[PDB]
Amino acid sequence: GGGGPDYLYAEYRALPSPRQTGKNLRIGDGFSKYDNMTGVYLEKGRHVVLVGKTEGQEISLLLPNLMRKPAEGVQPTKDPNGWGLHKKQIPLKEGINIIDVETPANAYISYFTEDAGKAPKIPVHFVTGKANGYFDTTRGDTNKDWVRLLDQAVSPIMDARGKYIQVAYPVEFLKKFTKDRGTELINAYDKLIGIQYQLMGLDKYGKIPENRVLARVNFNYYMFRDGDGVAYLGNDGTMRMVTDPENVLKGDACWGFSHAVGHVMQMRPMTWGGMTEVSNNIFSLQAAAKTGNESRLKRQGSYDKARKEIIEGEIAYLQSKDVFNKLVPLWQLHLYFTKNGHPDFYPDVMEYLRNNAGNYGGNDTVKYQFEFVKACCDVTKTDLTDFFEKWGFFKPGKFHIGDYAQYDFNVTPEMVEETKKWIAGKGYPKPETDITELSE
Amino acid sequence: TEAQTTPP
Ligand SMILES: *[C@H]1O[C@H](CO)[C@H](O)[C@H](O[C@@H]2O[C@H](CO)[C@H](O)[C@H](O)[C@H]2O)[C@H]1NC(C)=O
Ligand SMILES: *[C@H]1O[C@H](CO)[C@H](O)[C@H](O[C@@H]2O[C@H](CO)[C@H](O)[C@H](O)[C@H]2O)[C@H]1NC(C)=O
Ligand SMILES: [Zn+2]
């Protein structure tokens, strides 16, 4: 380096394809397309961007409208522009690039490759930009740097990163709620993502992503997940919950953050139709356990409620009308196995499904319910037929589910019999106790 | 977008 001012001149390394990273984990689109943040702010007008030797690599400039608001009198959830992160994407070429910026934006380099290790570092010099800077705990930045960055910002948005997290929030909210505690906030976010990576077995199986997860502000809705990562409403109510580093590790704020990231991390083999608001809450419960928070299933008396609806009701798991009731058996498996000598239960189940699950969409995703059962049995060498039978996993029928999309599942007697015979053929021991009776 | 929520 040394080619110019800090941030305006920098050298960008290629990152692995976010889509490919997601595909390999069976999670789909959710890693940050904006990870190569510049710390450069481009005002409205004509800009010059100098690019060094590309060796023919594809590199582009992202200018997201992170401060996009609903038009006057437009109710934020009824925005014709939708809830997505709007951006300009401009292909860059080696040498001089002339770029017309219509709306002032923070700049992000998009430099992604299929051979990350064997791509050149590409210098990019924003010779007409302003240095906003960014906060990076991995660089060694402290709260002294955090305070200086917020005080000196030229943009309404400050960029920040840790090991796993990328943040793009308004300076106004960072000053009001984070105050001086930038390190604590980024460390809290990294802790909450790392809990999910651990439960996924990414640390155990050497699959921790290089790609970060972006948490962005939005001006449309409270909290959600989309293809760009997680999004939090830029109002005092929501920013107090997630931008105060004490608050985000407590109660419903910890749950909401963990739930949203849990949508990024929920794998297709554990997220068949009707599971979208179920499988991610395994992460929410684990985050609560690791942060000194009470179990939401305990607080809601969900064990009794779930046993009443599904087991006493003798209905299919697929017929349950309560996402917390559907969560109960998933968490019983974790609590039972981790306290009975299988501490890596979900890490191993998720690795097993990454390696062994099929490739199903739409009405075929119900096949994952049975692949999930098989994984749980094989990983623990335990015959869980009775557990899954009691929880209604083996009820044949035609089941309609509304879960964002419409699902029409056909669970045939042959499908149920094939799974039960596969389990029986393993000759594994049955649990000594009835795991369905587990409560907190 | 492809937004999964929470409605509180
Ligand atoms: C999604 O995140 C939300 C963060 O506020 C919230 O925790 C929501 O769950 C809701 O929690 C409310 C109490 O805080 C009510 O209990 C409500 O009934 C419940 O849906 C999270 N959703 C889920 C499905 O976990
Ligand atoms: C959050 O808002 C979403 C709409 O933007 C959606 O209503 C979602 O609720 C889910 O909707 C599905 C139906 O298509 C299923 O019924 C699912 O179980 C349900 O949770 C909202 N989240 C929640 C947790 O209610
Ligand atoms: Zn949700």
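No Cβ is skipped: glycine too gets one built from the backbone with ideal geometry, and neighbour counts run over all protein chains shown. All of the numbers you see were taken from the coordinates with simple rules; none came from a lab.
Scanning segment A:188-247 for residues that are farther than 21 Å from residue A:70 by Cβ and aromatic (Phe, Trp, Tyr) returns A:189, A:197, A:205.
Got at least one residue in segment A:293-313 being of a type in the set (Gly, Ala, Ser) and within 22 Å of residue A:429 (Cβ to Cβ)? No: segment A:293-313 contains no residue that is of a type in the set (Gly, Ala, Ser) and within 22 Å of residue A:429 (Cβ to Cβ). Counting only residues that are within 15 Å of ligand 1 (Cβ to nearest atom), of a type in the set (D, E, K, R) and either touching a residue at least 60 places away in the same chain (Cβ under 8 Å) or in contact with a strand residue (DSSP E or B) (Cβ under 6 Å, 6 or more places away or on another chain) (or both), how many does segment A:237-276 have? Of the residues in segment A:237-276, 2 are within 15 Å of ligand 1 (Cβ to nearest atom), of a type in the set (D, E, K, R) and either touching a residue at least 60 places away in the same chain (Cβ under 8 Å) or in contact with a strand residue (DSSP E or B) (Cβ under 6 Å, 6 or more places away or on another chain) (or both).
If I filter segment A:380-402 for residues that are within 16 Å of ligand 2 (Cβ to nearest atom) and over 24 Å from residue A:284 (Cβ atoms), do I get at least one hit? Taking every residue of segment A:380-402 in turn, at least one turns out to be within 16 Å of ligand 2 (Cβ to nearest atom) and over 24 Å from residue A:284 (Cβ atoms).
If I go through segment A:9-29 residue by residue, how many of them are in a strand (DSSP E or B) and either without any contact (Cβ under 8 Å) to a residue 12 or more places away in the chain or not hydroxyl-bearing (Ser, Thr, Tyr) (or both)?
First, pick out the residues of segment A:9-29 that are in a strand (DSSP E or B): A:9-12, A:15-16.
Among the residues that remain, those that are also either without any contact (Cβ under 8 Å) to a residue 12 or more places away in the chain or not hydroxyl-bearing (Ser, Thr, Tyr) (or both) are: A:10-11, A:15-16.
Qualifying residue count for the region: 4.
For segment A:194-220, the candidate set comprises residues that are over 18 Å from residue A:287 (Cα atoms) and part of a loop (DSSP other than H, G, I, E, B); within that set, the residue that is farthest from the other protein chains (Cβ to nearest Cβ) is A:206. Taking the criterion of being of a type in the set (A, V, I, L, M, F, W, C) and out of contact with any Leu (no Cβ under 6 Å at 6 or more places or on another chain), the only residue of segment A:103-115 that qualifies is A:109. Exactly one residue out of A:279, A:284 is more than 19 Å from residue A:34 (Cβ to Cβ), within 13 Å of ligand 1 (Cβ to nearest atom), within 12 Å of the chain's Cα centre (by Cα) and not in a strand (DSSP E or B): that is A:284.
Comparison of A:435, A:401 shows that the only residue that is surrounded by 16 or more Cβ atoms within 10 Å (Cβ to Cβ), more than 25 Å from the chain's Cα centre (by Cα) and in contact (Cβ under 8 Å) with a residue 40 or more places away in the chain is A:435.
Tell me yes or no: at least one residue of segment A:382-401 is within 16 Å of ligand 1 (Cβ to nearest atom) and either away from chain B (no Cβ under 14 Å) or over 23 Å from residue A:268 (Cβ atoms) (or both). Steps first, answer last, please.
Here is the first cut: in segment A:382-401, the ones within 16 Å of ligand 1 (Cβ to nearest atom) are A:401.
If we keep only those that are either away from chain B (no Cβ under 14 Å) or over 23 Å from residue A:268 (Cβ atoms) (or both) as well, we get A:401.
Within segment A:382-401, one or more residues are within 16 Å of ligand 1 (Cβ to nearest atom) and either away from chain B (no Cβ under 14 Å) or over 23 Å from residue A:268 (Cβ atoms) (or both).
Residues are listed down the side, and each one gets a yes or a no for (1) more than 15 Å from ligand 2 (Cβ to nearest atom); (2) over 28 Å from residue A:395 (Cβ atoms):
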site	(1), (2)
A:256	no, yes
A:271	no, no
A:281	no, no
A:291	yes, yes
A:294	yes, yes
A:301	yes, no
A:309	no, no
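When residue A:223 is tested against the conditions (1) free of Cβ contacts under 8 Å to residues at least 40 places away in the same chain; (2) away from ligand 3 (no atom under 16 Å from the Cβ); (3) hydrophobic (A, V, I, L, M, F, W, C), the lone failure is (2). Within segment A:258-269, the set of residues being away from ligand 2 (no atom under 13 Å from the Cβ) and among the small types (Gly, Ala, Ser) comprises A:258 only. Residue A:206 meets the stated requirement of being over 22 Å from residue A:141 (Cβ atoms), surrounded by fewer than 19 Cβ atoms within 10 Å (Cβ to Cβ) and not charged (D, E, K, R).
Scan segment A:422-437 for residues that are assigned to a loop (DSSP other than H, G, I, E, B) and farther than 22 Å from residue A:311 by Cβ and jot them down.
Going through segment A:422-437, the residues assigned to a loop (DSSP other than H, G, I, E, B) turn out to be A:427-434.
Matches in segment A:422-437: A:427, A:428, A:429.
Residue-by-condition table, conditions (1) part of a helix (DSSP H, G or I); (2) surrounded by fewer than 21 Cβ atoms within 10 Å (Cβ to Cβ); (3) more than 16 Å from ligand 1 (Cβ to nearest atom):
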position: A:311; (1), (2), (3): yes, yes, yes
position: A:321; (1), (2), (3): no, yes, no
position: A:331; (1), (2), (3): yes, no, no
position: A:343; (1), (2), (3): no, yes, yes
position: A:350; (1), (2), (3): yes, no, yes
position: A:360; (1), (2), (3): no, yes, yes
position: A:366; (1), (2), (3): yes, no, yes
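Can you tell me which residue in segment A:221-268 is surrounded by the fewest Cβ atoms within 10 Å (Cβ to Cβ), limited to those that are β-branched (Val, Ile, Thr), within 13 Å of another protein chain (Cβ to nearest Cβ) and in a helix (DSSP H, G or I)? It comes out as A:238.
When segment A:392-421 is filtered for residues that are in a strand (DSSP E or B) and within 16 Å of ligand 3 (Cβ to nearest atom), the ones remaining, listed by number, are A:401, A:402, A:403, A:405.
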